[PDB]
Amino acid sequence: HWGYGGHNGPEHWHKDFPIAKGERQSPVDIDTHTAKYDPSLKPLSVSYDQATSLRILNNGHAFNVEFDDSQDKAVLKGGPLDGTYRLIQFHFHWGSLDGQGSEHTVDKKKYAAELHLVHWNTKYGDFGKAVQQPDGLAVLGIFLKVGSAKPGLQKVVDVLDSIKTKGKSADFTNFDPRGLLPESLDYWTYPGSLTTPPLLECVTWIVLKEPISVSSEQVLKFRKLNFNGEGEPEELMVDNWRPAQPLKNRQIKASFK
Ligand SMILES: CCNC(=O)c1ccc(S(N)(=O)=O)cc1
Ligand SMILES: [Zn+2]
């Protein structure tokens with residue numbers, strides 16, 4: 001199976017998922033000196049007031065906080081998007097040490113982690129149909145740096161002990177994802193892909209410029225998770241990030257001057 005180990009990591013994925021070498025793969029490096037301000041981009045509308053989180057799952061590659069997406073509760077609109085995108089899950093990618101972990105980079109800088117809030121375009125009816133479309137998904141990406149603690153992250157880190165290994169889940173209701181956002185919603189955007197197999201080219205990426213700060217203790221708790229299942233040899237869940245892929249024939253646009 002694919003992973004981020006010594007023998008099944010990102011450089012191997014193309015053998016089962018040839019789109020790994022496609023034309024709109026993610027993540028990418030964001031060159032802040034080449035991305036152009038686009039005055040036609042609108043403010044992002046993040047409407048998370050009615051979000052309903054349900055569960056948190058260790059799926060062997062990350063942990064996903066899952067939401068009820070059976071109605072337009074938590075939605076993303078505006079920005080570069082046409083239409084309404086419903087929040088289905090969020091997860092993170094992170095490193096074995098603070099100097100790596102993000103998927104996107106900014107002028108080659110790697111952040112300690114990156115949060116992905118995954119949304120699907122409701123014009124396609126369900127998530128599985130949305131991932132087959134070039135405008136099916138919108139993923140809001142937020143960098144994490146280590147410094148002050150993020151109060152709104154602590155409920156997530158304190159449940160992690162209960163989902164240490166692959167296939168474990170826990171009830172996770174009433175979690176408010178607004179507590180994971182930075183102050184500013186200035187962003188970069190470009191067309192890309194899922195960053196894990198099947199690597200489908202179905203994503204409008206929206207990457208916030210302002211990182212959130214998390215504490216060393218918070219990220220250390222992500223790094224105590226396991227990729228393996230219960231009872232199997234322990235492999236810490238660290239360095240679950242794909243490195244930057246070729247930009248090819250794409251432009252990265254900035255929402256801000
Ligand atoms: C189809 C099963 N895979 C997913 O639904 C999926 C969602 C988001 C991302 S990411 N890392 O680009 O936000 C990758 C994969
Ligand atoms: Zn992701």
Side-chain angles (χ1 to χ4, degrees), residues 2 9-46 76-85 88 90-93 100-111 113-121 123-124 127 129-143 182 184-211 240-256:
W2 70 266
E11 304 312 297
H12 295 273
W13 298 346
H14 70 102
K15 292 175 272 172
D16 284 309
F17 300 95
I19 201 60
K21 295 182 187 299
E23 303 301 307
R24 56 171 285 185
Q25 291 289 295
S26 293
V28 297
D29 181 61
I30 300 166
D31 175 341
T32 67
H33 328 273
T34 292
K36 199 187 165 35
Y37 168 58
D38 182 350
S40 77
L41 282 171
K42 303 171 195 62
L44 249 199
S45 171
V46 182
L76 185 66
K77 304 172 177 160
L81 303 174
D82 287 340
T84 297
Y85 290 69
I88 179 167
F90 71 73
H91 60 276
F92 300 81
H93 306 263
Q100 62 186 213
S102 65
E103 296 212 299
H104 293 90
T105 57
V106 179
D107 298 330
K108 302 299 183 75
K109 179 188 173 67
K110 296 173 167 83
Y111 286 89
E114 187 172 332
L115 167 59
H116 291 163
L117 298 126
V118 180
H119 312 77
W120 59 274
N121 192 332
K123 79 188 273 169
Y124 303 119
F127 179 84
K129 285 293 192 288
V131 298
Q132 296 179 67
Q133 303 292 342
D135 57 354
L137 285 185
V139 183
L140 180 60
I142 303 179
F143 295 119
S184 177
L185 293 180
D186 290 347
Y187 64 86
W188 299 283
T189 183
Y190 75 94
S193 76
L194 303 182
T195 71
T196 49
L199 298 172
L200 295 170
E201 291 180 337
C202 60
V203 181
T204 303
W205 276 96
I206 303 165
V207 177
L208 294 191
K209 177 175 36 73
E210 185 183 336
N240 63 345
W241 52 274
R242 189 189 192 191
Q245 297 306 301
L247 190 58
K248 298 183 166 174
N249 187 221
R250 293 177 289 180
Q251 290 193 322
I252 302 182
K253 297 179 190 162
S255 74
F256 60 89

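We count residues from 1, following the sequence as given.
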- Item | Within 6.0 angstrom of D82 CG, more than 12 heavy atoms from elsewhere | no

Rounded to the nearest 0.5 Å, how far apart are [atom1] of [X] and [atom2] of [Y]?
X: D186; Y: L208; atom1: CG; atom2: CG; value: 8.5 Å
X: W241; Y: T196; atom1: CH2; atom2: OG1; value: 15.0 Å
X: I206; Y: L117; atom1: CD1; atom2: CG; value: 10.5 Å

- Item | Residues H104, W205; criterion ring-ring contact (aromatic ring centres under 6.0 Å, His included); working and verdict | CA-CA 10 Å; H104 293 90; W205 276 96; 4.7 Å; yes

Side chains of [X] and [Y] in contact at under 4.5 Å (non-hydrogen atoms):
X: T32; Y: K209; result: no
X: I30; Y: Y190; result: no
X: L81; Y: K42; result: no

Locate the shortest heavy-atom distance separating [X] from [Y]; write the atom from each residue and the value.
X: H116; Y: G141; result: CD2-CA, 4.0 Å
X: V106; Y: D29; result: N-OD1, 3.8 Å
X: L199; Y: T195; result: CD2-C, 3.6 Å
X: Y187; Y: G79; result: OH-CA, 3.1 Å

- Task: Starting from the C-alpha separation in whole Å, work towards a yes-or-no answer on salt bridge (charged side-chain N to carboxylate O under 4.0 Å, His left out) for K248 and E23.
- Result: CA-CA 6 Å; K248 298 183 166 174; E23 303 301 307; 3.6 Å; yes

